[PDB]
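What follows are structure tokens for two forms of the same protein chain, given separately as structure 1 and structure 2.
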Structure 1
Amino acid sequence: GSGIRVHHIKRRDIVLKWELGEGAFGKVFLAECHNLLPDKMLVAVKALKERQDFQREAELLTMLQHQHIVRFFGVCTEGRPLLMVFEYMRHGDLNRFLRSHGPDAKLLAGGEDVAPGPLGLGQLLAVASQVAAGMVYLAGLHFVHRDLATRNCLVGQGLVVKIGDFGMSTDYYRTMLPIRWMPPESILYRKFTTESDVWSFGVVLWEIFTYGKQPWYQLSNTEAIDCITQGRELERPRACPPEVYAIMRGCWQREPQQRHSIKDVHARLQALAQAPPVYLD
């Protein structure tokens, strides 16, 4: 049948090195690949635990290509396990990267490409702008991401940041809803739209400027649901300038239609990134 051509990779061409991570996304390995882009190169490989969903995912991953979507190279389906092959993002998921650079961080981090310790305001803004740029692309295709959160973004060489997992853990509530990232219309009416992604992106913005804290971390899942549906908003992070907090708050309008577009949000973030406001205290 007709569909997107998905690149296939021979199995003897993939040499698994070791596991990088486990979780809701499956098992991810570091691997060498021959011959992807002409000689040998590191990639990330997702090995699937347990068939039909895989091909659909591979098709969609093939379609969704952007500077701020993690590069997908193709699949290996000759024998088990099924493999999906990605560019290797050397700094891992954005939530852990943020935490390792937070003030609270227990150890020093890096990396010859990024300084250890807290990120600059300009860098935090560059991280936010890049995730937004990714979201602009997806909204342009009417792709709705139902689990936008820093745990699903990846950080590569020199602080390039990309959306890393599409969602096709205490951050979830029993399906599993990333309830702390969800807008009122999702919780109340089970509606999720591109405007709902603007809300979630507002929460991502908060994650970034708290160096990866969990939204409403003091509260239970039902208590957080109470906050979200009663109109209580996450407080301004100490490292977050008032200009950036105004952007978050624009994302958190109760009425979806009064939230600013992701295009507008990205534009304001990128402007700040190019000229970061002075901010202390």
Structure 2
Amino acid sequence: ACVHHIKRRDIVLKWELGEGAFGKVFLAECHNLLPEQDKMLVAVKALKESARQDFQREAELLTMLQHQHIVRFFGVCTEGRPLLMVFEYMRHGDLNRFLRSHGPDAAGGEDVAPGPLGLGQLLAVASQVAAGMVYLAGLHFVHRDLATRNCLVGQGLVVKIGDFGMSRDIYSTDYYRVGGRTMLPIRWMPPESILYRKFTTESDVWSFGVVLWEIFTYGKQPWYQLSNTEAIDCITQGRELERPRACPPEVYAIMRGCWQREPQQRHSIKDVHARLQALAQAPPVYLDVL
């Protein structure tokens, strides 16, 4: 348990940002956290209710996972309930909201032009999320719920991967509630995950595949035209998501790389990150003709 601790007195809650059923999130000022900044803004998750153990496991895990494109964890405040986890504040919030609000069905601020994000803007986002997934597959860590609702966008369109309990509330429609405890992101899962309940690196590249589709559809729900049971039938019957208008055939091919029926046929995430980075850093003259 080599988790950083922060004194309660160094955390000033400002207001709420989000509610789940296991946690509340707050904007807070945090003091003496960085020398660069004597004071600075963070998001703080307060535990609602076993629960303490889950909190200790979450904190140990998030102290392990550090990387440019994983949500930055600063540490815990264990001095009095509510127990707090302290996170970097991501000014644009979740990538799904960010996509929807820069999509044809939505103006231009500080980090972004008005109107649809450009192809180069969408490859940059896809690249960063892939960079994140490399680092997790690196550690042989299976995510199990990769989707735009579980990434955050910071100042400068820095995109980072998380896994938020509040996602099951805010975005319940993205989950199939089985039995009455469990919640399955069926629209993001490959056939082996739905059929055999196996979760692997390779079930995560499938999910990354669908993230790529979300990016290029500006955050539409995959199979939005289908019920949860229709999506299951269609995913088990091998039916593949259509190329979005904004998706060049060359990007659609990376998606197909992630959707090979056979887990082992799927391109590695390293390969995909490489394909996507290369495009995002390609000169406009090359991209304007893709």
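In this text, the rigid core denotes the largest set of C-alpha atoms whose superposition between the two forms falls within 1.5 Å. Residue numbering: structure 1 sequence, from 1. Residues that one form lacks are left out of the comparison.
Core-superposed comparison between the two structures: among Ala24, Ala267, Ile14, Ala273, the single residue whose C-alpha moves by 2 Å or more is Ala24. Aligning the rigid core leaves the CA of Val114 displaced by 1.9 Å between the two structures. Every Cα shifting by 2 Å or more, across three or more consecutive residues, marks a moved region; comparing between the two structures on the rigid core, these regions are 22 to 26, 109 to 111, 115 to 117, 164 to 168, 276 to 281.
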